[PDB]
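For this chain, numbers begin at 1 and follow the sequence in order. Note that ligands are numbered from 1 as they come in the structure, with each ligand's atoms numbered from 1 the same way. Below, each value reflects all heavy atoms present in this structure, side chains not excepted, and no hydrogens, waters or symmetry copies.
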Amino acid sequence: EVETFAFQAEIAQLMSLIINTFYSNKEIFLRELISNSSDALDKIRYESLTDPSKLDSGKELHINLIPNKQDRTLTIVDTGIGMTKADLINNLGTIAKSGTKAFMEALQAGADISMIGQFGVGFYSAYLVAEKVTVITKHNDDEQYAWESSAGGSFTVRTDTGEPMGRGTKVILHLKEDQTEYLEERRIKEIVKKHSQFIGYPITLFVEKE
Ligand SMILES: Nc1nc2c3ccccc3nc(Cc3cc(O)cc(O)c3)n2n1
């Protein structure tokens, strides 16, 4: 049973700005997804200190970067805290409303798109490089879900039946035709080194077969 939802007006507006504005420094999307993974990893590590049974769904805390030239996808996987159904549909959209507002005003005052993380809405920077985004996520005490959007004002949420994942979040970027430089090992390494060199979790860059 696939449910279809409208984005809140401000998020739709932000997504259009991101997709439509001329801005050549697209590489910052990666820093933002890795930073989101790090925050979700911090959250489950904190919670596990007062309740050790929260790591029964997996003890390892890490990030995998997985490019696939065949599918033309870049996948970021973390074993962070995960998201509930209520996160995917309501809560995250609600929190982002004020950050979007402030970000959009700041851009009029001479700030640039690369400052998006400072406003808590870095996730939407994925649309700099991706025509479609899919998020598979599993939170303790709740089922696995798939969220998906190609923008255009809507997103979908369903119960996920694919490979079960224990706990955490997997973001799948279906890249735009002219953005395949981000499947190259060398380019990905250069970007991680420049923008994400002090993340406190191991980051494994998978190599492709062919
Ligand atoms: N601010 C924000 N908005 C979202 C979001 C919106 C729609 C669907 C999924 C979403 N997930 C996240 C958090 C997130 C992003 C991420 O790239 C990795 C994670 O472990 C968690 N945010 N974080």
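Of all the heavy atoms in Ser48 and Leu55, the pair that sits closest is CB-CG, 3.7 Å. The two residues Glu60 and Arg167 make their nearest non-hydrogen contact at O-NH2, 4.0 Å.
With a 6.0 Å radius and a threshold of 12 heavy atoms from other residues, nucleotides or ligands, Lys176 has its NZ atom above the threshold. Atom OH of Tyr23 has more than 12 heavy atoms from other residues, nucleotides or ligands within 6.0 Å.
In this structure, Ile81 is a member of the same hydrophobic cluster as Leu61, with clusters built from ILVMFWY side-chain heavy atoms closer than 4.5 Å.
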Donor-acceptor contacts, no H, no angles, side chain residues 4-21, under 3.5 Å, sequence neighbours left out:
from	atom 1	to	atom 2	distance (Å)
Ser16	OG	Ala12	O	3.4
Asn20	ND2	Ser16	O	3.2
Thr21	OG1	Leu17	O	2.7

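Residue-level contacts of ligand 1 at the 4.0 Å heavy-atom threshold are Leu33, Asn36, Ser37, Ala40, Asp78, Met83, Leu88, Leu92, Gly120, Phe123, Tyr124, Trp147, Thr169, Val171.
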